[PDB]
Amino acid sequence: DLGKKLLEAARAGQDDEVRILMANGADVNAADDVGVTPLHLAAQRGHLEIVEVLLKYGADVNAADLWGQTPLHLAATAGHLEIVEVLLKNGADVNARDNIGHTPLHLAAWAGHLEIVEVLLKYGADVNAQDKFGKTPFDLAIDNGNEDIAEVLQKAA
Amino acid sequence: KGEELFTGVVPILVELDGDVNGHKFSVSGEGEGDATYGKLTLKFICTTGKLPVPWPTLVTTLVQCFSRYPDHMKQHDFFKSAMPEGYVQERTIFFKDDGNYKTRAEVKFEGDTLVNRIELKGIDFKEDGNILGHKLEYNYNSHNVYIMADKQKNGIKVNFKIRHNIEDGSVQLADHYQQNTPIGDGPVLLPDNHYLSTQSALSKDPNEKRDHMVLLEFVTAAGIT
């Protein structure tokens, strides 16, 4: 009962409702039938305050859905800089690989988020990591015409 | 304006009624798409038991409106411009030295959900071949999906070849012929020649006992400057 409400509050970005549910004993690591947790949803949609609350209650920072995605994958994709920082400070695996073998650095470089690429590198992101189809973050940077990112990755190897 | 419907995360449902060399079957799919990242996160289950064909062979048939069209290419996004009324997608698929699939589908919004309803008919397959024999490895390659305008039908013609890995190291080609036409009578964006670049990853839900396929896929448009 509680787990389902928490996922919904976290998805909708309702910080106050999330705090109540946690106080009322909700499973911080609740998961739907496809393995998605409240921290996944908060991280994906940029809800900083919900991410911090969930982590405080012991949310699994490195939980992975069926597609192998962690909260860090999703935040790095969406361009949520502060959440990415929080996740890493709270022990997020910087080089976790989704089912296509994308690392957070792959997704940030692809989607064009320069500042996130720099945070990921700062926390030891593997610049030479290859996804399932052999692509490096640099490869993804050039594919999508993000030259500034391609440059920073170049000088990081 | 049809593109405006894809600014965020959209839920997706897929329904397929399949017939291959007499063996009838159905597959149901659930998940989400987000065209901002050309991304699909879906799960498929065979709702009639053991799937008579390998999962990889049904991928192309099981929502190109979720492809990422970059800014300088949005003029050329037929799939989104046909929304929300939708479009008909028709294919013939020829498996080299083997049988063929033919499919008709409608892709459209039913509510706030984009739905893909499919009929598939397969004929002329070898029972000991790579398909019915299940000799295809459980994965997927990356492909180039070539799109052309078709002013005659006010739609598009699309062509490509799927490469299916065989367990003995050889490859099985599947030749795809497809056309798309609007369901509504509104206008639609007819594109200059271009292609989609596709990536997919097949996987297994550890807590799933039914014959199933977990699908993560990324698609981006390209070939225009």
# chains A, B, ... in the order shown; residues from 1 in each chain; ligands from 1

$ select_by_dssp --residues "chain B" --states "alpha helix (DSSP H)" --output "ChimeraX atom specification"
/B:78-81

$ interface_residues --of "chain B" --to "chain A" --cutoff "8 Å" --atoms "only C-alpha atoms" --output "list in words"
residues 37, 41, 141, 142, 199, 200, 201, 202, 203, 204, 205, 214, 215 and 216 of chain B

$ residues_around --residues "region 89-104 of chain B" --least-positions-apart "6" --cutoff "9 Å" --atoms "only C-alpha atoms" --output "list in words"
residues 20, 21, 61, 117, 118, 119, 120, 121, 122, 123, 124, 125, 126, 129, 130, 131, 172, 173, 174, 175, 176, 177, 178, 179, 180 and 181 of chain B

$ write_last_selection --atoms "N, CA, C and O atoms" --output "mmCIF file, in the first residue's frame"
data_model
loop_
_atom_site.group_PDB
_atom_site.id
_atom_site.type_symbol
_atom_site.label_atom_id
_atom_site.label_comp_id
_atom_site.auth_asym_id
_atom_site.auth_seq_id
_atom_site.Cartn_x
_atom_site.Cartn_y
_atom_site.Cartn_z
ATOM 1 N N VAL B 20 2.155 -17.677 -37.711
ATOM 2 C CA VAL B 20 3.352 -18.071 -38.448
ATOM 3 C C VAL B 20 3.328 -19.566 -38.748
ATOM 4 O O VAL B 20 3.453 -20.390 -37.838
ATOM 5 N N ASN B 21 3.185 -19.900 -40.030
ATOM 6 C CA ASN B 21 3.130 -21.289 -40.481
ATOM 7 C C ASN B 21 2.091 -22.098 -39.698
ATOM 8 O O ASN B 21 2.313 -23.259 -39.347
ATOM 9 N N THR B 61 8.671 -5.147 -35.511
ATOM 10 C CA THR B 61 7.227 -5.095 -35.621
ATOM 11 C C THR B 61 6.627 -4.515 -34.345
ATOM 12 O O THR B 61 5.706 -3.700 -34.401
ATOM 13 N N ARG B 117 -1.114 -1.260 -32.452
ATOM 14 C CA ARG B 117 -1.889 -2.484 -32.614
ATOM 15 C C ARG B 117 -1.462 -3.174 -33.903
ATOM 16 O O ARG B 117 -1.485 -2.562 -34.971
ATOM 17 N N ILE B 118 -1.092 -4.449 -33.802
ATOM 18 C CA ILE B 118 -0.421 -5.142 -34.896
ATOM 19 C C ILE B 118 -1.080 -6.459 -35.256
ATOM 20 O O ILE B 118 -1.472 -7.237 -34.385
ATOM 21 N N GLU B 119 -1.170 -6.694 -36.562
ATOM 22 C CA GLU B 119 -1.485 -8.000 -37.122
ATOM 23 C C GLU B 119 -0.275 -8.502 -37.902
ATOM 24 O O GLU B 119 0.225 -7.799 -38.774
ATOM 25 N N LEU B 120 0.183 -9.716 -37.604
ATOM 26 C CA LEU B 120 1.326 -10.296 -38.304
ATOM 27 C C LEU B 120 0.943 -11.636 -38.916
ATOM 28 O O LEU B 120 0.298 -12.463 -38.271
ATOM 29 N N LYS B 121 1.357 -11.835 -40.165
ATOM 30 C CA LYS B 121 1.126 -13.082 -40.880
ATOM 31 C C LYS B 121 2.449 -13.593 -41.444
ATOM 32 O O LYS B 121 3.084 -12.916 -42.251
ATOM 33 N N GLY B 122 2.858 -14.782 -41.009
ATOM 34 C CA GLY B 122 4.083 -15.405 -41.482
ATOM 35 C C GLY B 122 3.808 -16.635 -42.329
ATOM 36 O O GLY B 122 2.960 -17.454 -41.971
ATOM 37 N N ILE B 123 4.520 -16.766 -43.450
ATOM 38 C CA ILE B 123 4.359 -17.919 -44.335
ATOM 39 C C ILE B 123 5.703 -18.431 -44.870
ATOM 40 O O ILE B 123 6.691 -17.694 -44.895
ATOM 41 N N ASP B 124 5.719 -19.702 -45.273
ATOM 42 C CA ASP B 124 6.821 -20.310 -46.032
ATOM 43 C C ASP B 124 8.097 -20.569 -45.223
ATOM 44 O O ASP B 124 9.194 -20.551 -45.785
ATOM 45 N N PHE B 125 7.965 -20.826 -43.922
ATOM 46 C CA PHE B 125 9.134 -21.060 -43.069
ATOM 47 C C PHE B 125 9.545 -22.535 -42.961
ATOM 48 O O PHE B 125 8.698 -23.422 -42.860
ATOM 49 N N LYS B 126 10.853 -22.783 -43.002
ATOM 50 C CA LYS B 126 11.416 -24.102 -42.706
ATOM 51 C C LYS B 126 11.263 -24.447 -41.221
ATOM 52 O O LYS B 126 11.605 -23.632 -40.364
ATOM 53 N N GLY B 129 14.772 -24.661 -39.917
ATOM 54 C CA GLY B 129 15.568 -23.490 -40.236
ATOM 55 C C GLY B 129 15.955 -22.685 -39.007
ATOM 56 O O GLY B 129 15.810 -23.147 -37.875
ATOM 57 N N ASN B 130 16.448 -21.473 -39.232
ATOM 58 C CA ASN B 130 16.931 -20.628 -38.148
ATOM 59 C C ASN B 130 15.792 -20.023 -37.323
ATOM 60 O O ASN B 130 15.943 -19.782 -36.125
ATOM 61 N N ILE B 131 14.658 -19.779 -37.969
ATOM 62 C CA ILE B 131 13.513 -19.166 -37.304
ATOM 63 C C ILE B 131 12.785 -20.180 -36.420
ATOM 64 O O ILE B 131 12.932 -20.164 -35.198
ATOM 65 N N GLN B 172 21.823 -14.084 -40.329
ATOM 66 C CA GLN B 172 20.563 -14.230 -41.052
ATOM 67 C C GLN B 172 19.979 -12.856 -41.343
ATOM 68 O O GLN B 172 19.616 -12.126 -40.425
ATOM 69 N N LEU B 173 19.867 -12.514 -42.620
ATOM 70 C CA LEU B 173 19.327 -11.218 -43.010
ATOM 71 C C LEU B 173 17.807 -11.248 -43.104
ATOM 72 O O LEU B 173 17.215 -12.242 -43.527
ATOM 73 N N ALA B 174 17.188 -10.144 -42.699
ATOM 74 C CA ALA B 174 15.753 -9.960 -42.844
ATOM 75 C C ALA B 174 15.522 -8.643 -43.570
ATOM 76 O O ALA B 174 15.880 -7.575 -43.071
ATOM 77 N N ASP B 175 14.924 -8.732 -44.752
ATOM 78 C CA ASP B 175 14.814 -7.593 -45.651
ATOM 79 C C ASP B 175 13.465 -6.907 -45.453
ATOM 80 O O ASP B 175 12.421 -7.523 -45.645
ATOM 81 N N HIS B 176 13.497 -5.628 -45.084
ATOM 82 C CA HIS B 176 12.299 -4.901 -44.663
ATOM 83 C C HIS B 176 11.810 -3.885 -45.681
ATOM 84 O O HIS B 176 12.530 -2.956 -46.039
ATOM 85 N N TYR B 177 10.578 -4.074 -46.139
ATOM 86 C CA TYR B 177 9.908 -3.114 -47.006
ATOM 87 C C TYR B 177 8.696 -2.550 -46.272
ATOM 88 O O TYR B 177 7.845 -3.316 -45.827
ATOM 89 N N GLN B 178 8.633 -1.231 -46.105
ATOM 90 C CA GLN B 178 7.562 -0.627 -45.322
ATOM 91 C C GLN B 178 7.116 0.719 -45.872
ATOM 92 O O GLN B 178 7.890 1.455 -46.484
ATOM 93 N N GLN B 179 5.836 1.003 -45.658
ATOM 94 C CA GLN B 179 5.230 2.283 -45.990
ATOM 95 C C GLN B 179 4.333 2.768 -44.858
ATOM 96 O O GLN B 179 3.730 1.968 -44.142
ATOM 97 N N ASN B 180 4.270 4.087 -44.693
ATOM 98 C CA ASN B 180 3.449 4.698 -43.655
ATOM 99 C C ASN B 180 2.543 5.773 -44.240
ATOM 100 O O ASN B 180 2.988 6.589 -45.044
ATOM 101 N N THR B 181 1.277 5.764 -43.834
ATOM 102 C CA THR B 181 0.292 6.719 -44.337
ATOM 103 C C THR B 181 -0.562 7.290 -43.203
ATOM 104 O O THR B 181 -0.940 6.560 -42.284
#

$ residues_around --residues "residue 63 (chain A)" --least-positions-apart "3" --cutoff "10 Å" --atoms "only C-alpha atoms" --output "VMD selection string"
chain A and resid 29 31 35 to 37 39 to 40 59 to 60 68 to 72 92 to 93

$ write_last_selection --atoms "N, CA, C and O atoms" --output "PDB file, in the first residue's frame"
ATOM      1  N   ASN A  29      12.979   1.593  -0.264  1.00  0.00           N
ATOM      2  CA  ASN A  29      13.455   0.824  -1.406  1.00  0.00           C
ATOM      3  C   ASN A  29      12.323   0.070  -2.094  1.00  0.00           C
ATOM      4  O   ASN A  29      12.545  -0.987  -2.688  1.00  0.00           O
ATOM      5  N   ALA A  31       9.685  -0.973  -4.908  1.00  0.00           N
ATOM      6  CA  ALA A  31       9.953  -1.178  -6.322  1.00  0.00           C
ATOM      7  C   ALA A  31       8.730  -1.741  -7.021  1.00  0.00           C
ATOM      8  O   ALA A  31       8.070  -2.638  -6.499  1.00  0.00           O
ATOM      9  N   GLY A  35      11.009  -2.896 -11.520  1.00  0.00           N
ATOM     10  CA  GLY A  35      12.211  -2.628 -10.746  1.00  0.00           C
ATOM     11  C   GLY A  35      12.526  -1.164 -10.491  1.00  0.00           C
ATOM     12  O   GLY A  35      13.606  -0.836 -10.003  1.00  0.00           O
ATOM     13  N   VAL A  36      11.589  -0.280 -10.812  1.00  0.00           N
ATOM     14  CA  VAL A  36      11.791   1.154 -10.637  1.00  0.00           C
ATOM     15  C   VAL A  36      11.463   1.575  -9.200  1.00  0.00           C
ATOM     16  O   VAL A  36      10.417   1.207  -8.665  1.00  0.00           O
ATOM     17  N   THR A  37      12.365   2.345  -8.591  1.00  0.00           N
ATOM     18  CA  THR A  37      12.213   2.788  -7.204  1.00  0.00           C
ATOM     19  C   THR A  37      11.849   4.271  -7.126  1.00  0.00           C
ATOM     20  O   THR A  37      11.942   4.986  -8.118  1.00  0.00           O
ATOM     21  N   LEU A  39      13.531   6.578  -5.787  1.00  0.00           N
ATOM     22  CA  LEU A  39      14.747   7.324  -6.082  1.00  0.00           C
ATOM     23  C   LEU A  39      14.994   7.414  -7.590  1.00  0.00           C
ATOM     24  O   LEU A  39      15.494   8.426  -8.080  1.00  0.00           O
ATOM     25  N   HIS A  40      14.639   6.359  -8.321  1.00  0.00           N
ATOM     26  CA  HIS A  40      14.697   6.391  -9.781  1.00  0.00           C
ATOM     27  C   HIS A  40      13.866   7.554 -10.301  1.00  0.00           C
ATOM     28  O   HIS A  40      14.345   8.388 -11.069  1.00  0.00           O
ATOM     29  N   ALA A  59      17.772   4.964   0.984  1.00  0.00           N
ATOM     30  CA  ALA A  59      17.513   4.535  -0.386  1.00  0.00           C
ATOM     31  C   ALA A  59      18.768   3.940  -1.024  1.00  0.00           C
ATOM     32  O   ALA A  59      19.868   4.475  -0.871  1.00  0.00           O
ATOM     33  N   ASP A  60      18.596   2.815  -1.714  1.00  0.00           N
ATOM     34  CA  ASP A  60      19.693   2.179  -2.435  1.00  0.00           C
ATOM     35  C   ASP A  60      20.076   3.049  -3.629  1.00  0.00           C
ATOM     36  O   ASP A  60      19.376   3.074  -4.640  1.00  0.00           O
ATOM     37  N   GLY A  68      18.459  -2.056 -16.503  1.00  0.00           N
ATOM     38  CA  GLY A  68      19.786  -1.897 -15.938  1.00  0.00           C
ATOM     39  C   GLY A  68      20.119  -0.462 -15.589  1.00  0.00           C
ATOM     40  O   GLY A  68      21.282  -0.136 -15.353  1.00  0.00           O
ATOM     41  N   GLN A  69      19.104   0.392 -15.542  1.00  0.00           N
ATOM     42  CA  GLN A  69      19.325   1.807 -15.295  1.00  0.00           C
ATOM     43  C   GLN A  69      19.316   2.113 -13.803  1.00  0.00           C
ATOM     44  O   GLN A  69      18.448   1.639 -13.067  1.00  0.00           O
ATOM     45  N   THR A  70      20.283   2.921 -13.378  1.00  0.00           N
ATOM     46  CA  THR A  70      20.362   3.400 -12.009  1.00  0.00           C
ATOM     47  C   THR A  70      19.891   4.853 -11.974  1.00  0.00           C
ATOM     48  O   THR A  70      19.781   5.491 -13.020  1.00  0.00           O
ATOM     49  N   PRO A  71      19.595   5.378 -10.776  1.00  0.00           N
ATOM     50  CA  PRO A  71      19.213   6.790 -10.673  1.00  0.00           C
ATOM     51  C   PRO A  71      20.236   7.731 -11.311  1.00  0.00           C
ATOM     52  O   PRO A  71      19.855   8.758 -11.870  1.00  0.00           O
ATOM     53  N   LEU A  72      21.515   7.372 -11.244  1.00  0.00           N
ATOM     54  CA  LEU A  72      22.566   8.202 -11.820  1.00  0.00           C
ATOM     55  C   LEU A  72      22.466   8.229 -13.348  1.00  0.00           C
ATOM     56  O   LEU A  72      22.675   9.275 -13.967  1.00  0.00           O
ATOM     57  N   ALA A  92      27.031   6.652  -5.422  1.00  0.00           N
ATOM     58  CA  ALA A  92      26.585   6.159  -6.724  1.00  0.00           C
ATOM     59  C   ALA A  92      27.759   5.634  -7.546  1.00  0.00           C
ATOM     60  O   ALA A  92      28.837   6.234  -7.575  1.00  0.00           O
ATOM     61  N   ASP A  93      27.541   4.498  -8.199  1.00  0.00           N
ATOM     62  CA  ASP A  93      28.549   3.885  -9.053  1.00  0.00           C
ATOM     63  C   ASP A  93      28.676   4.703 -10.336  1.00  0.00           C
ATOM     64  O   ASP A  93      27.772   4.707 -11.171  1.00  0.00           O
TER      65      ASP A  93
END

$ residues_around --residues "residue 80 (chain A)" --least-positions-apart "6" --cutoff "12 Å" --atoms "only C-alpha atoms" --output "PyMOL selection string"
chain A and resi 42-48+51+71-74+86-87+108+111+113-117+119

$ write_last_selection --atoms "C-alpha atoms" --output "PDB file, in the first residue's frame"
ATOM      1  CA  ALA A  42      12.832  11.514  -8.310  1.00  0.00           C
ATOM      2  CA  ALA A  43      16.267  11.448  -9.934  1.00  0.00           C
ATOM      3  CA  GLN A  44      14.810  11.204 -13.437  1.00  0.00           C
ATOM      4  CA  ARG A  45      12.455  14.180 -13.091  1.00  0.00           C
ATOM      5  CA  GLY A  46      14.885  16.417 -11.216  1.00  0.00           C
ATOM      6  CA  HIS A  47      13.252  16.440  -7.765  1.00  0.00           C
ATOM      7  CA  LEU A  48      16.288  17.338  -5.659  1.00  0.00           C
ATOM      8  CA  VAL A  51      16.234  12.570  -3.731  1.00  0.00           C
ATOM      9  CA  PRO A  71      19.213   6.790 -10.673  1.00  0.00           C
ATOM     10  CA  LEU A  72      22.566   8.202 -11.820  1.00  0.00           C
ATOM     11  CA  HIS A  73      21.931   7.032 -15.401  1.00  0.00           C
ATOM     12  CA  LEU A  74      18.609   8.871 -15.437  1.00  0.00           C
ATOM     13  CA  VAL A  86      24.286  14.191  -4.599  1.00  0.00           C
ATOM     14  CA  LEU A  87      24.061  10.645  -5.965  1.00  0.00           C
ATOM     15  CA  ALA A 108      25.663  12.932 -20.478  1.00  0.00           C
ATOM     16  CA  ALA A 111      22.479  14.383 -24.417  1.00  0.00           C
ATOM     17  CA  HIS A 113      25.232  18.128 -20.710  1.00  0.00           C
ATOM     18  CA  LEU A 114      28.759  19.536 -20.409  1.00  0.00           C
ATOM     19  CA  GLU A 115      28.703  20.360 -16.701  1.00  0.00           C
ATOM     20  CA  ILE A 116      27.591  16.809 -15.878  1.00  0.00           C
ATOM     21  CA  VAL A 117      30.342  15.305 -18.042  1.00  0.00           C
ATOM     22  CA  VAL A 119      31.311  16.194 -12.648  1.00  0.00           C
TER      23      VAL A 119
END

$ decode --residues "region 92-135 of chain A" --atoms "C-alpha atoms" --output "mmCIF file, in the first residue's frame"
data_model
loop_
_atom_site.group_PDB
_atom_site.id
_atom_site.type_symbol
_atom_site.label_atom_id
_atom_site.label_comp_id
_atom_site.auth_asym_id
_atom_site.auth_seq_id
_atom_site.Cartn_x
_atom_site.Cartn_y
_atom_site.Cartn_z
ATOM 1 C CA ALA A 92 26.585 6.159 -6.724
ATOM 2 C CA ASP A 93 28.549 3.885 -9.053
ATOM 3 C CA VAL A 94 29.986 6.339 -11.583
ATOM 4 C CA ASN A 95 30.685 3.618 -14.166
ATOM 5 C CA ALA A 96 27.533 1.495 -13.840
ATOM 6 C CA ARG A 97 26.442 0.126 -17.227
ATOM 7 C CA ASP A 98 22.817 -0.036 -18.443
ATOM 8 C CA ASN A 99 21.705 -2.911 -20.699
ATOM 9 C CA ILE A 100 23.186 -1.217 -23.790
ATOM 10 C CA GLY A 101 26.387 -0.747 -21.795
ATOM 11 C CA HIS A 102 25.871 2.989 -21.427
ATOM 12 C CA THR A 103 27.698 4.557 -18.522
ATOM 13 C CA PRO A 104 26.490 7.848 -17.026
ATOM 14 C CA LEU A 105 29.278 9.514 -19.015
ATOM 15 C CA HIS A 106 27.893 8.020 -22.267
ATOM 16 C CA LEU A 107 24.454 9.499 -21.609
ATOM 17 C CA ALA A 108 25.663 12.932 -20.478
ATOM 18 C CA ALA A 109 27.976 13.286 -23.473
ATOM 19 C CA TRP A 110 25.221 12.131 -25.813
ATOM 20 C CA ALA A 111 22.479 14.383 -24.417
ATOM 21 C CA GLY A 112 24.818 17.383 -24.416
ATOM 22 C CA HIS A 113 25.232 18.128 -20.710
ATOM 23 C CA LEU A 114 28.759 19.536 -20.409
ATOM 24 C CA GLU A 115 28.703 20.360 -16.701
ATOM 25 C CA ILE A 116 27.591 16.809 -15.878
ATOM 26 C CA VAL A 117 30.342 15.305 -18.042
ATOM 27 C CA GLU A 118 32.800 17.348 -15.971
ATOM 28 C CA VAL A 119 31.311 16.194 -12.648
ATOM 29 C CA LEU A 120 31.363 12.564 -13.762
ATOM 30 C CA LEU A 121 35.008 12.890 -14.824
ATOM 31 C CA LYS A 122 35.807 14.618 -11.549
ATOM 32 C CA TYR A 123 34.472 11.524 -9.755
ATOM 33 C CA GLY A 124 36.470 9.083 -11.892
ATOM 34 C CA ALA A 125 34.229 8.305 -14.866
ATOM 35 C CA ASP A 126 35.968 5.889 -17.259
ATOM 36 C CA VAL A 127 36.557 7.970 -20.389
ATOM 37 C CA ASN A 128 37.454 4.929 -22.518
ATOM 38 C CA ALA A 129 34.356 2.872 -21.628
ATOM 39 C CA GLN A 130 32.659 1.153 -24.588
ATOM 40 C CA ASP A 131 28.929 0.431 -24.756
ATOM 41 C CA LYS A 132 27.444 -2.729 -26.298
ATOM 42 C CA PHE A 133 28.026 -1.328 -29.793
ATOM 43 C CA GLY A 134 31.625 -0.294 -29.172
ATOM 44 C CA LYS A 135 30.852 3.408 -28.800
#
